[PDB]
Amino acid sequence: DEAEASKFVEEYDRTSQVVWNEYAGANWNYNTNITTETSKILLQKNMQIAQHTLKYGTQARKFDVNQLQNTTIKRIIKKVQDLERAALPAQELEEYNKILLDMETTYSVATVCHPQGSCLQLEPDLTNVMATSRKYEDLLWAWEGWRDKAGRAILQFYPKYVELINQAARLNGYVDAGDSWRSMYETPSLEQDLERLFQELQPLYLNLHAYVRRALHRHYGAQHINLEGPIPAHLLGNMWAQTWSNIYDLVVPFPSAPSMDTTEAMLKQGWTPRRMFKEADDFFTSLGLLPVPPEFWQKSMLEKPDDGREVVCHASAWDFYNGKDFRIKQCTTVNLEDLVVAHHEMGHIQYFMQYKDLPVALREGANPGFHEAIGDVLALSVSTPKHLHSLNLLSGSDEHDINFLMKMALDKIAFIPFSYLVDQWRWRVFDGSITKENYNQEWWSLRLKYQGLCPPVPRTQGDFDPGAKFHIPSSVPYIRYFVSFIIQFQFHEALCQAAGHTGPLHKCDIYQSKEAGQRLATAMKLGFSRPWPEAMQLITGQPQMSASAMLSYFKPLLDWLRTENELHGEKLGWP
């Protein structure tokens, strides 16, 4: 009966708001204030939101969704029938919740210490080492140290996490957790679709990789860089080698065309974390999109507390499920990398605000990729030399242009293989083809195969390098970032065309375009109410994911890399 189904969705929606709001409160409090106490209230509210999920979920499963005519209702009920962890028996649920908490806590409080010297946390200290040291041995100390302290300490938890997450997936009708994660795209051809996108980025990626390898060879010496082999994973300016723009100084295409020290510019001009968020807010409002509410400025944690409070530093954006309270929790350092991060997070806030009037079951991105893409799209415009000039962080030439595209490539292109491999690994862990006997080995096998990277120190038994990357102990799916990086360029392209830009796509800055804002807004308003091809069609006027926009953006760089690599005789790739 349609009327009983409609009443159920109404009752689900009012009751979810309340319970989700409380849960979000306690999680927030833990995340911003890791103590025995907040941890206990968190584990408590876990049981509460599960009891709600189990009640409504058991109700939802009694409806034959086949017989439902209204498609919105049908879709809400189908999703409520998935209980996630709340399908587990009470004992296993308690253990699962404890395992997650323990993994996240371990990661978030790990330090790496010099004997008789000072301890370094990941943010800011170890991050700053990976970004600015140009000494092999110091990079190595930070890279190995982090894996020794974060990664190896996660290993004790991960087999049990895999068992429980998979058990929950099976109890919701999936074959394993990885199947459940992939189902969020509602795209049976996902794996194939992503593989093809990955393959189209290989020319750019291999040419980038070879040119960076050459430059590393020049700086670190021939005894440390094989010009036909993988790059050591500690030399790319980032703990995970997932983005390479911190080694821009080593790889500048045109060192004659100098570029401002944007960090020193930000610092010298008294930028603060608050200023960084306010500029993102200005950009969203310039498009005719929504401002963040006053409450956001009062409640968000935009820098690392100095008061001895221990926190989850890893930046994140929060929906409190009442349509009024949205926040960001970021340990913001004043630099360009973090400004892009602030935009990314403000993009999530903007989405929470555009879909806040949907039923809570439909308050998500069209697919998780879309959620990740919004803030990045704006940041692409922010990053342009012309925009950075207007912010007084930079001072025509082909030389400055190739330099710019290189800077962008070191972020965008370098991330393509990393973002692809993380869930290639986890999918295989979840489906049981990687056991705990070879977690680490299979990880490095994909690091090699996709990114062309090798470990600077041979791994041993007891290593679990995956555990040294946040998303792994925190159980946050990763393929969304791969989708994001592809579709963000398609969105930029479409927004630029809508805004009347002509000329090379990389020169576009959509600041203040209402036409561009209006496309984003009508897509974000759909939330999860329709298949994601419809939101794609709304923004871009076609319904597929496609690498052609990102290739078009980087085409002048591709031509330059090819000429450069050919001139030097590079052999692209590695064995």
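The numbering used is simple: start at 1 and walk along the sequence shown.
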*Using the PDB record, quantify the missing residues of the deposited sequence between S395 and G396 as none, 1 to 3, 4 to 9, or 10 or more.*
1 to 3
*asked:* So, looking at the entry's B-factor column for Cα atoms, which has the higher mean, 183-191 or 320-328?
replied: 320-328
*Between 118-126 and 225-233, which has the higher average C-alpha B-factor in the PDB entry?*
118-126
*Residue with maximal Cα B-factor (values as given in the PDB entry) among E372, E310, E144, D431*: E310
*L140, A468, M301, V377, ranked by C-alpha B-factor: the highest one*: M301
*Taking the entry's C-alpha B-factors for this chain, is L68 in the lowest, middle or highest third?*
highest
*Among the modelled residues of its chain, does the C-alpha B-factor of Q488 lie in the lowest, middle or highest third?*
lowest
*Give the position of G500 by CA B-factor within its chain, expressed as the lowest, middle or highest third.*
highest
*Please place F284 in the lowest, middle or highest third of its chain by C-alpha B factor as given in the entry.*
middle
_Chain-relative CA temperature factor third for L54_ = highest
